[PDB]
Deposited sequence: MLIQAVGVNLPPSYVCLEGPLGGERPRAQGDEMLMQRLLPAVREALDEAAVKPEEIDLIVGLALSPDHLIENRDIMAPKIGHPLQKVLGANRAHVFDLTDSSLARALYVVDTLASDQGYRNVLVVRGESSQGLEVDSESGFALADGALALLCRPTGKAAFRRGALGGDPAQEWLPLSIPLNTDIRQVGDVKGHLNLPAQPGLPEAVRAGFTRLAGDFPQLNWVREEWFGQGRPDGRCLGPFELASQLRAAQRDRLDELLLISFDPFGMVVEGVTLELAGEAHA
C-alpha cells in the first residue's frame, strides 16, 4: 500500500471535556455536514497526486457519525462519489474498522483486483452523538482522505493494550437513543467507562506492537488528551500532520498504528510513502 497523497479538513472550533478520557478535540457546530469538509479534503489529495476523479477505481469510507453526513436526512462512500464525479469508482464501507485494518484489507483486495487509484476516507460529524460526560470521551470531528496505490505487501498486526494483563478494559459502545421524539435529538450516546490508565495503556500497546515489525518511523493516532500539550488531540486525524512531516523528510516507508476502542486493541499496518 503506497500513500500517494493526504488531504485533511478539520473544524476550527475546539471543545474541551474533563475526565480521565477527556481532552480538547475538534467538534462540528450547528448544522455543519461532513461532506462540507470531506470534499475539499479529497480534492486536496487528488490535486497533490494529479489524479482525476474519473481515475478512482475504489472508494472505501469510515464514519461512525449516524447523521450530519449529507444534506439528505447513510454511508459516506456513495455521496462522495456523486459529488466527485468518480463514475468509474466502486464503493463500500467498513463501518467501525480502524484505519490500519482498513488499509490492510483494501490493500489486499485492491491489489488482487488490479486497481491503481484507491481512495480511503475517514470522517466524523458527531452532532448526533452525545459525548460521555462521566469519562470525558468524545470523537474528534473532521475528514481525512488517503489516496493510495495498492501493492499487496502491506504487513498487519493486531495487539493487546498495555497495563495489567489481567485487567479487562471496558470497550466503547454507542447505544441507540430510545427516546427520539423531535428533530435535533441525538441518535446515540457515546459510552466509554472512565478508565484513567487507558490512554497510557494504548500508547504502551503501540510500542509493544511495533516490535512485531521492522524498525520503521511511525504515524500514530491519539484519541485522548491526557499527557498531551493543552490536552488537545485529533483522534485518527493526527495522522495527517505526521504523514506530511514524513513526506518532507523523504521517507519511503512507515508504520501506521491505530487504536480500536470497540475491540480495545491496537492495530498496525506497514506502508510506503511517495515523495
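- When the deposited sequence is numbered from 1, the segments without any C-alpha atom are 74-77, 280-283.
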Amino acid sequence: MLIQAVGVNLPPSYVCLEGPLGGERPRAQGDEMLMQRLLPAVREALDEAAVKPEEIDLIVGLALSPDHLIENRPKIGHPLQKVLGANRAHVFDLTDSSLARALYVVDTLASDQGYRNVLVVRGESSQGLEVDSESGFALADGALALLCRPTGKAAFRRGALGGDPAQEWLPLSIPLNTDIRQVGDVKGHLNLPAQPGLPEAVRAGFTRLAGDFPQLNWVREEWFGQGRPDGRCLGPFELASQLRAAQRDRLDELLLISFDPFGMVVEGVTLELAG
From here on, numbers count along this sequence of modelled residues.
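Heads up, when I say rigid core I mean the largest set of C-alphas that superpose within 1.5 Å between the two forms.
- Superposition on the core shows that, in 4 other deposited structures of this protein, the C-alpha atoms drift more in one of 177-185 and 153-161; this is 177-185.
- Between 238-246 and 204-212, the larger root mean square Cα shift in 4 other deposited structures of this protein, once each structure is superposed on the rigid core, falls on 204-212.
- The question of which stretch, 225-233 or 241-249, has the higher mean Cα B factor is settled in favour of 241-249.
- Legend: mean Cα B-factor per stretch from the PDB entry, 189-197 versus 165-173; the higher mean is in 165-173.
- For the set 101, 122, 116, 203, the PDB entry puts the maximum C-alpha B factor at 116.
- The PDB entry assigns its highest CA temperature factor, among 133, 182, 97, 108, to 182.
- Among the modelled residues of the chain, residue 27 sits in the lowest third by CA temperature factor in this PDB entry.
- Placement of the Cα temperature factor of residue 215 within the chain: highest third of the modelled residues, per the deposited record.
- Per-chain ranking of the deposited C-alpha B factor places residue 159 in the middle third.
- In this PDB entry, the Cα temperature factor of residue 7 sits in the middle third of its chain's modelled residues.
- In the deposited entry, the Cα temperature factor of residue 53 places it in the highest third of its chain's modelled residues.
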